[PDB]
Every structure is written in structure tokens, then in C-alpha cells.
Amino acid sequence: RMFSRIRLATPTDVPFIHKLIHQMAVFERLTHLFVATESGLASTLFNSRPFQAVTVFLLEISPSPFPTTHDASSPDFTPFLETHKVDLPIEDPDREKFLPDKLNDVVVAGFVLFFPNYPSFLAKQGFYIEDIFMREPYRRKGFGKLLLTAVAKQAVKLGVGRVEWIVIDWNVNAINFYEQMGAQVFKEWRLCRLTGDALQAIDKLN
């Protein structure tokens, strides 16, 4: 029997966020683009109230109950706490890198990083999910479903009209998860990008 908590990330979680994004870059065959540093994440992730700009939920797992929220401090968000019967003991070789406190038995298992977007045809704010990821030892136990559900629940609270993200078409396992969650994966849309260098080249135009 296992316990999960979905909570907002704080500055103390930067090492875990950094490592999770790195794992994403490995999976997406894009380590050459991964230049993120802990210092860069610390400088950019926590300069607004949650949900108004870039926001992170972390999913934690423990064999012990978490402290109960009892009385909320937050106007917007209280952690989601759930109990689980999993059919298999978890072998997690990276556990030591994902402990918020090395003296407590709470492990960061996954995350979602998202921010407001704007579906213009609706004239409403939405959310965009930039990252959603469960570390390998914790997959196929319903945890990814909970991370996505947490975003949806916050979206409803805030009157969000749509959530979007992107996927590499060759990421079959992720696509299957998204489809089983009720997402549509479009055939026709393509991503366009101006890199930092491309931006500099335009800025030098007379």
C-alpha cells in the first residue's frame, strides 16, 4: 500500500525539476538542446503567484501517510492526497536523487509544468502543458492520470477553456496515454520555431 501527494513545487524543488526535465530531454532525443541549469530554473520559475504564469505540480510517493492539510493556507490550491494498492514492489535505482528530505521516505515520482495560453477562437484563457512526465519505476499505476487530472481540475476552477500540449509522433506510449485520457492528437498541425539565434538575426534587421 502506497500514498501519493500532488502539490505545487517551490524553490526547494529545483534539483528535482532539473533532473526531470533532463530525463524528458533524453526521452525526446533532444539532449543537445538541454541547456537548463538549476540556477536558471530558480531565476525563472517562481516570480508569480501559482497559475498566473509558469506553474509546476509534483507527484510524490511514500509508504507512509503524508501530513494532512487540516487547515488550508492557500486561497487557490490544496494538495491532492490518495491511497493506492499497487500490485508490484517498486525498484527505483534513482530514488536518492528524488528525495526532498533524505531523512524522510517521500520520493518525487513525476511532474507537470504548465502555464496560461490563449485559444483565440474561444476568446478565453487556457493552459498549455509544457512537460508531463512520470519516472519509469512509477509508470502504469495511475499516477500520470492523476497529474493530468490535477491540471484539469485547476483549469475548471479558473474558467480555462482548453488545454493543449505537443508530442513527437513517434512517442507511441505517450500518445496512447493521452488518447486514453480523452485527448485528441491531431494529424495536421506542425510546430514552428524561432531559436535564440534566429531571433538575434531578425533583431539585426535594419
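In this text, residue numbers run from 1 along the sequence as written.
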Exercise for the section: Output the stretch having the higher mean C-alpha B factor in the entry; the candidates are 59 to 67 and 176 to 184. Expected result: 59 to 67
Problem - 72 to 80 or 125 to 133, whichever carries the higher mean Cα B-factor - result: 72 to 80
Exercise for the section: Using the temperature factors in the entry, find which of 153, 162, 141, 29 has the highest value at its Cα atom. Expected result: 141
Completion exercise
Reading the B-factor column for Cα atoms of 119, 116, 89, 110, the highest value belongs to 89
Problem - Chain third (lowest, middle, highest) by recorded CA B-factor, residue given as residue 146 - result: middle
Problem - Record-listed C-alpha B factor of residue 41: chain third - result: lowest
Fill in the blank from the handout: The third of the chain into which the C-alpha temperature factor of residue 33 falls is the middle
